[PDB]
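Step one of this worksheet: look at the structure below.
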Amino acid sequence: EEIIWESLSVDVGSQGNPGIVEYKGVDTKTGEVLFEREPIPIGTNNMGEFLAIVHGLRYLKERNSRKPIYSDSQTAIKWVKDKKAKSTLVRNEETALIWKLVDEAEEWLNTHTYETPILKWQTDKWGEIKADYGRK
RNA sequence: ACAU
DNA sequence: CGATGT
Ligand SMILES: [K+]
Ligand SMILES: [K+]
Ligand SMILES: [K+]
Ligand SMILES: [Mg+2]
Ligand SMILES: [Mg+2]
């Protein structure tokens, strides 16, 4: 089982969990940063991993790219497959922004199609995903 | 247990 | 050491 180098890798970064959430997508081969989301003041790790995949799908579709996406998040891969982010984060005024983005990402999934394979990055075999923030 |  | 998730 080998890395598919012609791919997009995504990952969340956070300050606290729940805490400040950001995410980015990179070229798996070169590490070039292709997109980065502006920090969101409160969210969870899994909400951010979910948003990163959905943004990757939107990014690749806009560019007519058939590359797969790698994520290290078992949870977020499932949530994208299900088109449903099963987060436990409370809804209040401080979490309104992240929940709006997650709701809108689900809505996009329910109104668009894609063939993009969403693949598990095998951290145990390959080390940290290329989009990692280097914070652990 | 597994993945973050 | 704590949290988010299956
Ligand atoms: K990891
Ligand atoms: K990190
Ligand atoms: K646990
Ligand atoms: Mg990750
Ligand atoms: Mg990471």
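Note: hydrogens, waters and symmetry copies are ignored here, and every other heavy atom, side chains too, is used. Chain A is the first sequence line, chain B the second, and so forth, proteins listed ahead of strands; every chain is numbered from 1.
- For residues 91-109 of chain A, the set of pairs meeting the salt bridge (charged side-chain N to carboxylate O under 4.0 Å, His left out) definition, not counting sequence neighbours, comprises A:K84-A:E106, A:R91-A:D103, A:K100-A:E104.
- For the pairing with A:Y114, the side chain to side chain contact (heavy atoms under 4.5 Å, CB included) check across A:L60, A:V80, A:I69 returns one residue only, A:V80.
- A:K120 contributes a side-chain N or O that, together with a main-chain N or O of A:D72, makes up a donor-acceptor pair within less than 3.5 Å.
- Listed by first and then second residue, the salt bridge (charged side-chain N to carboxylate O under 4.0 Å, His left out) pairs involving residues 9-38 of chain A are A:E22-A:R135 (not counting sequence neighbours).
- Counting only distance, with no hydrogens or angles, the side chain of A:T28 and the backbone of A:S7 share a donor-acceptor pair below 3.5 Å.
- Listed by first and then second residue, the ring pair (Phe, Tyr, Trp, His ring centres under 6.0 Å) pairs that reach into residues 38-94 of chain A are A:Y23-A:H55, A:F35-A:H55, A:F35-A:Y59, A:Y70-A:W121, A:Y70-A:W126, sequence neighbours excluded.
- Taking all atoms of both residues into account, the shortest heavy-atom contact from A:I42 to A:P18 is CG2-CB, 4.3 Å.
- Closest non-hydrogen pair, A:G25 versus A:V10, comes out as CA-CG1, 4.0 Å.
- When DNA chain C is scanned 5' to 3' for any atom under 4.0 Å from a heavy atom of chain A, the first and last hits are C:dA3 to C:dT6.
- Hydrophobic cluster membership of A:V90, counting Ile, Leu, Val, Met, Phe, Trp and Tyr whose side-chain heavy atoms lie under 4.5 Å apart directly or via other members: none, as it forms a cluster of its own.
- A donor-acceptor pair under 3.5 Å is absent between the side-chain atoms of A:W99 and the main chain of A:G43, judged by distance alone.
- Residue A:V21 shares its hydrophobic cluster (ILVMFWY side chains chained together at separations under 4.5 Å) with A:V12.
- Within residues 91-102 of chain A, no residue is approached by DNA chain C to less than 4.0 Å at the level of any non-hydrogen atom.
- Interface limits on RNA chain B: the 5'-most and 3'-most nucleotides within less than 4.0 Å of chain A heavy atoms are B:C2 to B:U4.
- Residues that satisfy the side-chain contact (heavy atoms from CB on, under 4.5 Å) test with A:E6, not counting sequence neighbours, are A:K67.
- Against DNA chain C, the stretch residues 120-136 of chain A makes no heavy-atom approach under 4.0 Å.
- When every heavy atom of A:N17 is checked against every heavy atom of A:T44, the shortest pair comes out as OD1-CA, 3.4 Å.
- Using a 4.0 Å cut-off on heavy atoms, the residues of residues 70-80 of chain A that approach DNA chain C are A:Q74, A:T75, A:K78, A:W79, listed by number.
- Other residues, nucleotides and ligands contribute at most 12 non-hydrogen atoms within 6.0 Å of the CD atom of A:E115.
- Atom-to-atom distance recorded for A:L119:CG and A:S9:OG is 9.5 Å, nearest 0.5 angstrom.
- A salt bridge does not link A:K86 with A:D82: none of the charged nitrogens is closer than 4.0 Å to a carboxylate oxygen.
- Residues from residues 9-47 of chain A lying near RNA chain B, meaning a heavy-atom separation below 4.0 Å, are A:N45 in numerical order.
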(Q) Using the rule given for side-chain contact (heavy atoms from CB on, under 4.5 Å), can you reason through A:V54 versus A:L109, listing the C-alpha separation, both sets of side-chain angles and the distance that settles it, and then say yes or no? (A) CA-CA 8 Å; A:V54 178; A:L109 291 173; 4.0 Å; yes
